[PDB]
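Below: one structure, written as structure tokens.
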Amino acid sequence: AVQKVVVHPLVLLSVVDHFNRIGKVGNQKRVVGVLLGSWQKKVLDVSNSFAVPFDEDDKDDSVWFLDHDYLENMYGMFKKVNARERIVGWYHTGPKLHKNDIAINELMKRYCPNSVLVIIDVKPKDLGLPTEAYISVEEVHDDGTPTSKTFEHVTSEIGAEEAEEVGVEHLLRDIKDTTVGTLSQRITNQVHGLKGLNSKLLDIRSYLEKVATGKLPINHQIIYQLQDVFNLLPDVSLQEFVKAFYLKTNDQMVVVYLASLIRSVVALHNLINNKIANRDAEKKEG
Amino acid sequence: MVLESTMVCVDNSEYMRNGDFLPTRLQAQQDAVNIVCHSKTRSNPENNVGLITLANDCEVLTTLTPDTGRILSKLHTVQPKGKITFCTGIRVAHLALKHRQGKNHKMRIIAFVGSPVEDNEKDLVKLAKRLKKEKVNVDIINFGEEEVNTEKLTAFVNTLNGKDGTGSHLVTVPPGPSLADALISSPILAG
């Protein structure tokens, strides 16, 4: 079915520009619309969409309505201009999901066998690659609950297209690209420890909270399982590198050797040729 | 003619699966939808009528429209199975009424409750006075079986309108064999 989704900045903006539409008139809830997907393969892609007036009451927390006269005839519009573009699901800006979201997908399953919902974010904050994606399946449960319909997270990734980077990538103009090979990889390293070890502390504090409160989630078992896959090397005191010690510097063996060999001859190219051309102009002029 | 948008709420609760309303509440409430939809046709063409499933979770597959053709199609294979939920079904018509393009149509709701609901008298009076602030006049018609000589829904109807406001009126359905056309006789005469 649906494994991963591809969200373009163009269709994501179609949720963002509608945040100006109903944001000025208010009032409650969020921006919600129906998603037009482009499915060429198991990997899902999204090009365009259409935003529909939508509201969700608080009291009355289970009340939701799409406008389906907007959904029907406007489909024949986008279908007439683009035959490949069709509705794969819906979307909204979240930020989180209330329990009522179970009924939005099951209603529109007449349009698509499986409707994928995309939670987006109009204001970028944290922690990383934004928005979100969910898929609607039924896993029931191990405890014996009646059949449980819970949306499972779908990994979301941004993607590009020809001719769409004209105006999009133009307006920024302030970015330095990249530079690959010097700063590009090292800034990630400073962040790879930051973003790597912050979720380490956020989860290890919530995993300690388990014993305290919030149990379940037990989880189970996914938590410790892949944590023990992380445990191929801990790495703890001290590094257990006795076999990887001589191999540590042995990987730095040729990297330092070439860096010593290149800088020697690069100098011979830089130093000699500079002295030659310099004294040819300098002393022959005066 | 009176201007308003009448949102009829079909009852999918598990207690609608018997035949006390002849021949069966599925076809009886169908005939109960037949008489209200054909009456609005005799009343005003501009009145648009949708349908909503109260039990389980509220979902509307038919956009609010004056044509009852799609409504009569959804009356078949409705599968009345689920737990009745009332409180969420009051504003469920009001939210579709807030999506109305024309604002000249009054807000009117008719819901079918055929199952006993667990509710506190304080919960129904808060929704009552909430509709007073929203001016919505909701005509409820008791169906199925419920608390004998229904109190809650009666207090929900009584406290919903006042001075006059002509209005919201509840008609208690007798637990006896009858045709669905004979049930609506009093409510359709005087709402």
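Numbers run from 1 along the shown chain.
Per the header of the entry, the method used was electron microscopy, 5.8 Å.
Quick reminder: no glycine exception, Cβ is built from N, Cα and C everywhere.
What Swiss-Prot records as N6-acetyllysine, among A:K99, A:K200, A:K215, A:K275, is residue A:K200. Record check of A:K29, A:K41, A:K109, A:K210 in Swiss-Prot: the feature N6-acetyllysine is attached to A:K210.
Between the listed recorded positions, namely A:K176, A:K200, A:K210, the fewest other CB atoms within 10 angstroms of a CB are found at A:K176. Straight-line distance linking the Cα atoms of A:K200 (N6-acetyllysine) and A:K210 (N6-acetyllysine), rounded to a whole number, equals 15 Å.
Secondary structure of the domain 'MPN' (A:5-140) per DSSP, as helix, strand and coil residue counts: 41 helix, 39 strand, 56 coil. According to DSSP, A:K176 (ubiquitin cross-link) is assigned to coil rather than to any helix or strand. Looking at A:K176 (ubiquitin cross-link) and A:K210 (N6-acetyllysine), their Cα atoms lie 44 Å from each other.
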